[PDB]
């Protein structure tokens, strides 16, 4: 049924000018991905003219969906006045005030052009503040391509160092890994390295290891360890911030020293942020002599990304946050009903407006649970829905109960087709 000839023709062009026709690993699918030309509200139109409901929203960036009129007005007005300057602007100050106001711990903020850069600068800040070399991160959790965090970042629960091809021992030896939600297992590792630990980098709701939240007991163990050792507690909320109105740590009853943000804070334009207590952020301050940690960047605090940010935070009201959490609960419940009626043991995890289908047992005719989840991703595309090819999804503010009901009908139909094709 599905016509993808214009996607295939773009892919044939792309392979001549990009490696494997790709510029972003996460958006590649075999034999080629679907190419898209426009979005409006909750819906994306592909290059073959097919409109689908988007349930992943640029990897959970687009909390307000596609081309929200209030976002478009603010961004286009900023573009007209100049895209970037070699001087600070009023909107950087306005946006830092707006972001600082979201959480007590966001005393001072610094803007980058991505979450990948913001994670990197939060780790550099902790190393400059402590003058210690090691970082600790969660086994399996993903934090972007920066080489200190591109270690054990693939969903595995093993603690043995495993890094990207070429990441030197010089980097990999200074990143230690802790088991998620295992307080005693975590403290064993952290106590072994306490004298040398600059930071403990967590994600309170890491999607790559199943989108389960950090427990109170595990957050308490790490917060007490950081207070005792002097290690900086960094919460990477680039993806998970959206689960709470004041971010993920606040929802779970905890406080970070530094929080990394991105994605929803600007809801589509390039952004990252490092926010935390004044003392940890003081490594960046250039006002009293050379800073401990220089941090430049051509697009830092550019007024287009600041204007996108002001508009996003204005639209992300407590009422919007509540209503998308209602829709997330409706979506997760409809998926669990559909998986149980189909006779699969797969789980659906998530908080607020985030979810992830976590494939467990591979059904007949699939080599792995991940292959069965890729097949479900393709069947959902045929049935008018975009989700992540390993089960991630989210709600956008343009959605109502009708979109989630349409998704539930597509989800049940798709499961049926995946299972029937595996048995053929």
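Numbering follows the first chain given and starts at 1.
The PDB entry records a higher mean C-alpha B factor for 246-254 than for its counterpart among 268-276 and 246-254. As listed in the deposited structure, the average C-alpha B-factor of 28-36 and of 393-401 is greater for 28-36. Taking the deposited Cα B-factors for 353, 312, 167, 305, the highest one is held by 167. Which of 185, 115, 294, 140 has the largest Cα B-factor in the deposited entry comes down to 185. When the modelled residues of the chain are ordered by C-alpha B-factor, residue 240 sits in the lowest third.
The deposited CA B-factor of residue 386 belongs to the lowest third of values across its chain. When the modelled residues of the chain are ordered by C-alpha B-factor, residue 104 sits in the highest third. Annotation for residue 54: CA B-factor lies in the lowest third of the chain's modelled residues.
In this PDB entry, residue 230 carries a Cα temperature factor that places it within the highest third of its chain's modelled residues.
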